[PDB]
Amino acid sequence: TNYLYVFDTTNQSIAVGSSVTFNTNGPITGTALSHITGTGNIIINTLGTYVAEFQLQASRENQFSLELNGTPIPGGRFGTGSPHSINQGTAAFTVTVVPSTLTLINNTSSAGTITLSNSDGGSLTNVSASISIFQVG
C-alpha cells in the first residue's frame, strides 16, 4: 500500500503563504507518493483518499494548514495558542486530479513569519516538522 514519511531537522523560517520544507525522506512505499528532499512539495499520482498527519515545533504560536493544489483542505488547518508547544494535526483529503500537490502552508500565523525549532526540550536534534501520509482509497 502507498505510504510516505518526510521530516525536517532545521530551524527554517516560513513566511505567511509559504510552505514547510522537508530536508529528509523517511521510508516511502508504493509509487503514488513522492517528494524531493529540500522542497515542501509532496506529489500525489493516484486518485482516491489520503490520510496525512503533520507535526511542527515552532518558537511562537502559529497557524498552519495542509493545502492541496494551493488551496486549503477542509479540516486541514491547526493552530497552537502556546509558544514552544507542538502544532499537530491529522486530516484526510480526496485527490480528484493527478498529479496533485500537498503542501503545509503558514496560513496566517498572527506573528507573521514562523521559525521552527529543532532543539526543544533536549540537547539533541529534533524533528522540527514532519508529514506522515498514506492512501485509504
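So that there is no doubt, residue numbering starts at 1 and follows the sequence shown.
Asker: 58 to 66 versus 72 to 80: which one carries the higher mean Cα B factor per the record?
Answerer: Higher mean C-alpha B-factor in the PDB entry: 58 to 66.
Asker: Compare the mean C-alpha B-factor of 93 to 101 with that of 34 to 42 as given in the PDB entry, and name the stretch with the higher value.
Answerer: Comparing averages over the C-alpha atoms only gives 93 to 101.
Asker: Comparing recorded Cα B-factors across 20, 15, 127, 124, which one is largest?
Answerer: Max CA B-factor in the entry, restricted to 20, 15, 127, 124: 15.
Asker: If you check the C-alpha B-factor for each of 86, 28, 47, 51 in the entry, which is highest?
Answerer: Result of the comparison over 86, 28, 47, 51: 47.
Asker: Taking the values exactly as deposited, rank residue 117 by C-alpha B-factor within its chain and report the matching third: lowest, middle or highest.
Answerer: CA B-factor rank for residue 117: middle third.
Asker: Could you say whether, by C-alpha temperature factor, residue 135 belongs to the lowest, middle or highest third of its chain?
Answerer: Ranked within chain, residue 135 CA B lands in the middle tercile.
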